[PDB]
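Coming up, as structure tokens: structure 1 and structure 2, two forms of one and the same protein chain.
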Structure 1
């Protein structure tokens, strides 16, 4: 009664307590979800209405552990605020309880800021692609100065040649660069296709630098001289492969033919990602 409604209304006060206090805390880690969640009343959220909702493949920033059943964090999305996240055991328990009444881990740890990776317009290690990507890296360096780190990744991180240890340490380095929520951009030599990082926990923002016309790409390659035109076919084949991918495999597609327009598009996207990852106080 109000015998009981002493404790189970002081619990709600003590929960709202921690929740406001975590608003200022740093992000402990991020996860990419493999499942969706929307709270039902019977889920017994420490503060009613304060559970977050998400779909599979969303990203969550986790601040702290409230108890064994609930974490505190936010959906990485503009406007979304701190709330309760069900822990994996709580998700399992809801399923099990649901089955009883009627009678694949849910989270992957990923960097707190998704690393930006550029693919296209063709293969890296040739002039057209390396130079076009270089101009983009240089733009970002100044456009996001003070909020960004751009780093070369020579080790073959798609292997998660390069030893296992060398790959693991580069992966750990990328996680660390993102820990304080600055933008992270990789110049990753070996990555030419989005499917190359799909099995890692890097969860990149994949930027497709796309030349719409194969004729245009061929002419660009030829403009580099016969030392590059010797390798025309392998570059043309690779660009055609990117062009066959469904657009949803890419987070950003830069098909603008002017550097400044491609830069503005990418900057607008990353500025919005900055907002999604840095909620107002």
Structure 2
């Protein structure tokens, strides 16, 4: 009896926090490096309100509750505000799992990322050449209309592939780091962020940065088809046929898991609808009622 009243009081105060947090902006977002299941949890400020996630999921963090728990939501359609385990809590669980594992004879858990993952287009070949520049332009043009009022499309000329620790902690790096901050700031609005990033032709180029892009592969499946497209643009472009064929072949060797969206449709309208369908789903995931 004097345990229910203590629990009830503590949980009423926790609940009031969640409700107050609902109307606050996202403080910051994280991408998870670990998974977490709230099954057999027992210490969550309000029972059943702990947030489970897989590795490489995205969370929006609104508030801190205590040293064990933050307040926020999994970036997933339908998912509501709840309690997110703090990194120190997750660390206590990783060592606990370890002690158990070594009984057989017998990486930080969160990375800080933009609140909206920036969209980056790669393929069908190298940027700076007509076939790739023009195919990607049609897609950018479609997005500006389909997501009008909900989207930011910005060009990035800086080589943002340089924005990793082995470079930063040891294009000018000042400019690069400036651009990374510009991109984080743009995503704070929670508009869709689309980058026309000049130097990014391969998903590996951004994997060690903190941008966590949505990577869209514009894929021409057929080498012969690409060759004939390039030649159709005239002598100047066709002179650079080999280098463009190499780059496309390189991209096509990538496992599909390196990409978030693979646009291999040969009709522009089908590619556009495939992309819009993905981004509409992401919009819903990042903006709950």
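For the two forms, the rigid core is made up of the largest set of C-alpha atoms that agree within 1.5 Å on superposition. Residue numbers count along the first chain shown, from 1.
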| Answer among 181, 148, 94, 109 for the CA shift between structures 1 and 2 that reaches 2 Å or more, rigid core superposed | 94
| task | Would you tell me if residue 41 moves between structures 1 and 2 by 2 Å or more at its C-alpha, with the rigid core held superposed? | result | yes
| query | Does residue 275 move its CA by 2 angstroms or more between structures 1 and 2 when the core is aligned? | reply | no
| field | Backbone CA shift between structures 1 and 2, residue 58, after core fitting (angstrom) | value | 0.4
